[PDB]
Amino acid sequence: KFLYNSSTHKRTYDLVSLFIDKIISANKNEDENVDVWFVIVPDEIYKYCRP
Amino acid sequence: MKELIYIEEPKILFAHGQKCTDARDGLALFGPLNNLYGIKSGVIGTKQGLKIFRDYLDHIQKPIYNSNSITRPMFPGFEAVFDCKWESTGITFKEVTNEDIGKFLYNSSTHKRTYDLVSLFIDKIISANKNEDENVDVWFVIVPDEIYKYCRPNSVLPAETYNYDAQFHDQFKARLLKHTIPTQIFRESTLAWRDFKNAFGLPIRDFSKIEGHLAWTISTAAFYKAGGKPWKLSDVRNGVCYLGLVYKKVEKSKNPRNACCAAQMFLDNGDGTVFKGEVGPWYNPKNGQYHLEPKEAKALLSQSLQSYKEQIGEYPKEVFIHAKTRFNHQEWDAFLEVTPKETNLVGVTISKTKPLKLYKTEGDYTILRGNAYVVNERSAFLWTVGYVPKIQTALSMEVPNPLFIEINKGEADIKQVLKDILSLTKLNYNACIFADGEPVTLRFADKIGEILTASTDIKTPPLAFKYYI
Amino acid sequence: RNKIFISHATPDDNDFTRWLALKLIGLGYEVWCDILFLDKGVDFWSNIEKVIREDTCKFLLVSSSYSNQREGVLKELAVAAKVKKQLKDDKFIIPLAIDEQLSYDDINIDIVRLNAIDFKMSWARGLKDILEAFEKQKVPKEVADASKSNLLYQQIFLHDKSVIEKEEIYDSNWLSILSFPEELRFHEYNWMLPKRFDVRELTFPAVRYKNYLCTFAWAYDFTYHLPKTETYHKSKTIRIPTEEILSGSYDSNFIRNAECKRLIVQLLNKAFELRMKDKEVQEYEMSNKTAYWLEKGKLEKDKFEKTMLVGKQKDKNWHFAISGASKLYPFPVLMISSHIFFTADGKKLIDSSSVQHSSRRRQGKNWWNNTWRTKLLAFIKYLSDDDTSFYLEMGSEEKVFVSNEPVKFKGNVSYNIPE
RNA sequence: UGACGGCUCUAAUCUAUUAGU
DNA sequence: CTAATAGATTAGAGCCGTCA
Ligand SMILES: [Mg+2]
């Protein structure tokens, strides 16, 4: 849904916010200890994230 | 003649799906749930404190015994119990010179010297976290006894920093909250107790017969603070959420401005156990009143319901609000204006100030633990402290006091409420004991409230318990 | 042959032996040990030799300062050596060293030449070494199951440590209230009594309420303090029976039911205070309440029916004391508390609250259930009036009767107090 | 601040009435 | 608003014991 807005800055901001909100929520409010957070990203996101 | 009822022990769960009534026995027999690989520890303190910590770590790799093996299970070693490595080789040292400590603890003002000492320690901790390569699971802060003597709020010495609590521990834990660093504070007289003596040649604190108990407690705290799951409850029913509310006095200003904090517990649905603080501290400006205004009550209940829904996927079928106070009609009307239609909200008050003591007519041993006296369909006394036949002793020394449980609001069954309250006494991760005397929903919420009341700069604090306890 | 025989010292190596045996049973092995059996007796010998000779596949020995030079251990070792010679197995006996005080040069001649497994520095790596040795030597085993160790621990080491269905009776600290006067009276002393009379010093318990006086006393009582009371029209007295307001079936614009109950509780408390003043018992003003205690030498050798209420502790005499509060919930009761107070010579209290706290903390250390309850019932029985009761005098012809025996409770579950 | 338990001391606030007003 | 008399309910600090 996010990667259709035709504005590169807007969709980049939305994707980054979506991912980092989940990562930060996992970090702060949980007793689980995780060292390296691996972010598996689809190819189309990588391709369409250039200026 | 009045009639008493008995409530059976709830049992807790360990590795390989094995149930036991004791945590020490189940840990020595079976082991914990998850698989850590090893604890890498960061030690900040003086040189002698570092040596003391190293010696203690070297001490708990072997079996440690108590005086009596029936009353107190023994400690078979850290790696035998927890199946992970915690040894004094994976240690990083951050030296704190003694001259600075001496310098800052003289300003004749408790607030200023406390602020200076907390700044001194947390500056090194924060700098090490931000700009270094070594990975640390828990930070062990060794504190001399002279610092511990004079840093209490009611301590006598024989404006900018005044907006903080005059307690070293709470201010230290609050000022490290926005960095999320698990830390454990040790006194120097706790790890090496044989060396500190009074003016007679004997230790001030004698751990000679309870060394294994201290090893159990310290090892369990270190294991839990590093991301380990020691045990979990074994008979938690589905669709039930437990919510504890605790009030504190903010003070340290013109307005006492009472504050309220919550703790939440429910079932993961993956057969786990969700147990975390629910706190954005809610405020009441009027002095002496421990009731929420409608807006704050709506916000609190909405947040708790949304958290449960997000974790599970559906609204709860039952919400028990344990509290140490009563509820008024405004509070409960605000509570009921956001609760879903098909949800039952029960508000229970657990009180300790109610004189009643039962004496056995013959023996010198107190009443059996799980006894209860039901006054009415909405009230009952419950003995959470008493004789436990498993360990051949009681949880107290004099005649114990019972808890007065009253179904203040809603419609529930008092026997099930007593059963749940007795079950909740088996989750004190801050200790390694047979059972607690109070439900942990009302204790960890109190700890959270007393931690995030020592500072005013805290915003959106973390909810994991390892950053407060 | 499936058994793994564990030899040890019976009363000394129990902790390690239990730990290792239960761990091995959890891993799935079959273990023979003498701490896994109840109802013993003639089982010793003529059965040990049989299991060593015909069932044992590995002989694990626990080597310590206690098992070195022990007769049973040495005889079992001799039998195990004969069995090892009987079979083609040089690795039939495995020592496990656990005692730091047992030097490797002080080992008995039977196992000086054997390669042992070390346990002193840690037990986890010793267990791993045992498991690796068993896997390398192909010791028989079933699938791993920790339920066997759980069941054996429950049935052997938790045997006589459970609750028992046994009917018991307990004493409490509540005294039931037996009698109530038939009416509560409001006397309309409309601007006839002084405005600042401080009615708490009257002869009978009274409480100001509006332009009235709530009391249990008689219409023209307390005429000494209020001289202008004989000329009083008794028809203007508001009379409400006590049973109706106790049961909650009374309410009017003059006074609500809760207020009536509160005033009754106040009257009961004041009557108890006045009667304790009548009883001539020493006072002690605590933080919020008042306690009552006895001097030295008031009782016959400080006893009331072979129960001491005043005693000694170094330089300070200790005194058992009580405090009482009257409540109407759950049922009308007088609740009693227990305290200890300390005096320099049995007659003057020490004026140091910290010293009192320390003495009370170090004196109740050795007092168990029976001491507390015996002292409490003795002190309560000392106050009894004639045979089974105690009256609080609410007026010239009004009394409230309270019991001298506490309320009993009954239970069906207890323990066996196995010394 | 390794825990837990039991005590003691010190504040508040509410409710009713009395005097303030 | 305010000064007393109660009952009834709330929170805060601080000290002492754990063997046998
Ligand atoms: Mg802790």
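Here is how names work: the chains are called A, B, and so on, in the same order as the sequence lines, proteins then strands, and each is numbered from 1. Below, each value reflects all heavy atoms present in this structure, side chains not excepted, and no hydrogens, waters or symmetry copies.
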Quick check on [N]: is either OP1 or OP2 less than 4.0 Å from any side-chain nitrogen or oxygen of [X]?
{"X": "B:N258", "N": "E:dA11", "answer": "no"}
{"X": "B:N428", "N": "D:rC4", "answer": "yes"}
{"X": "B:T190", "N": "D:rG2", "answer": "yes"}
{"X": "C:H339", "N": "D:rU8", "answer": "yes"}
{"X": "C:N269", "N": "E:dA6", "answer": "no"}

Is it the case that the ring center of [Y] lies less than 6.0 angstrom away from the ring center of [X]?
{"X": "B:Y429", "Y": "B:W231", "answer": "yes"}
{"X": "C:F254", "Y": "C:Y209", "answer": "yes"}
{"X": "C:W318", "Y": "C:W293", "answer": "no"}

>> Any N or O donor-acceptor pair under 3.5 Å from the base of E:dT5 to the side chain of C:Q266?
In response: no
> Should C:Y284 and C:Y292 be marked as a ring pair (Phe, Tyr, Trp, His ring centres under 6.0 Å) after you check the CA-CA gap, both sets of side-chain angles, and the distance that decides it?
Replying inline: CA-CA 6 Å; C:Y284 187 110; C:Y292 299 100; over 10 Å; no
Is any side-chain N of the basic residue among [X] and [Y] closer than 4.0 Å to the acidic one's carboxylate O?
{"X": "C:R262", "Y": "C:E259", "result": "yes"}
{"X": "B:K409", "Y": "B:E331", "result": "no"}
{"X": "B:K252", "Y": "B:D165", "result": "no"}

Distance, rounded to the nearest Å, where [X] contributes [atom1] and [N] contributes [atom2]:
{"X": "B:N287", "N": "D:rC14", "atom1": "CG", "atom2": "P", "result": "9 Å"}
{"X": "B:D436", "N": "D:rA3", "atom1": "CG", "atom2": "P", "result": "13 Å"}
{"X": "B:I52", "N": "D:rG2", "atom1": "CD1", "atom2": "P", "result": "13 Å"}
{"X": "B:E438", "N": "D:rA3", "atom1": "CD", "atom2": "P", "result": "18 Å"}
{"X": "B:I391", "N": "D:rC4", "atom1": "CD1", "atom2": "P", "result": "15 Å"}
{"X": "B:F327", "N": "E:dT9", "atom1": "CZ", "atom2": "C1'", "result": "14 Å"}
{"X": "B:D446", "N": "D:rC4", "atom1": "CG", "atom2": "P", "result": "11 Å"}
{"X": "C:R200", "N": "E:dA6", "atom1": "CZ", "atom2": "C1'", "result": "10 Å"}

> Residues in ring-ring contact (aromatic ring centres under 6.0 Å, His included) with B:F140, at least two apart?
Replying inline: B:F53, B:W86
> Just wondering, do B:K447 and B:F465 contact through their side chains at under 4.5 Å, heavy atoms?
Replying inline: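 In short, these two side chains do not touch, never coming nearer than 4.5 Å.
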> Just by distance, with hydrogens left out, do B:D145 and B:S189 show a side-chain donor and acceptor under 3.5 Å apart?
Replying inline: yes
> Can you give one letter per nucleotide of nucleotides 16-21 of chain D, 5' to 3': B if a protein heavy atom sits under 4.0 Å from the base, S if only from the sugar-phosphate, - if neither?
Replying inline: BSSS--
> Between B:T393 and B:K324, which has a closest nucleotide on DNA chain E that is more 5'?
Replying inline: B:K324
>> Assuming nearest nucleotide by heavy-atom distance, tell me which of C:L328 and B:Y290 is located more 5' along DNA chain E.
In response: C:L328
Which pairs, protein N/O on one side and nucleotides 14-18 of chain E N/O on the other, fall under 3.5 Å?
from   : atom 1 : to     : atom 2 : distance (Å)
E:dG14 : OP1    : B:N154 : N      : 3.2

Across all strands, who's sitting opposite [N] as a Watson-Crick or G-U wobble pair, both distances under 3.5 Å?
{"N": "E:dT10", "result": "none"}
{"N": "D:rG6", "result": "none"}
{"N": "E:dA20", "result": "none"}
{"N": "E:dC1", "result": "none"}
{"N": "D:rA11", "result": "none"}

>> My understanding is that only one of C:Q313, C:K314, C:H319 makes a side chain to side chain contact (heavy atoms under 4.5 Å, CB included) with C:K316; could you say which?
In response: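 Among the candidates, only C:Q313 passes.
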> Can you check D:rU17 for me, syn or anti if syn means within 90° of 0?
Replying inline: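 Base orientation relative to the sugar is syn.
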> When you match C:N288 and B:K286 each to their closest nucleotide on RNA chain D, which lands nearer the 5' end?
Replying inline: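 Taking each residue's closest nucleotide, the earlier one in sequence belongs to C:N288.
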>> For B:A431 and C:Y284, find the nucleotide of RNA chain D closest to each by heavy atoms; which residue's nucleotide sits nearer the 5' end?
In response: B:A431
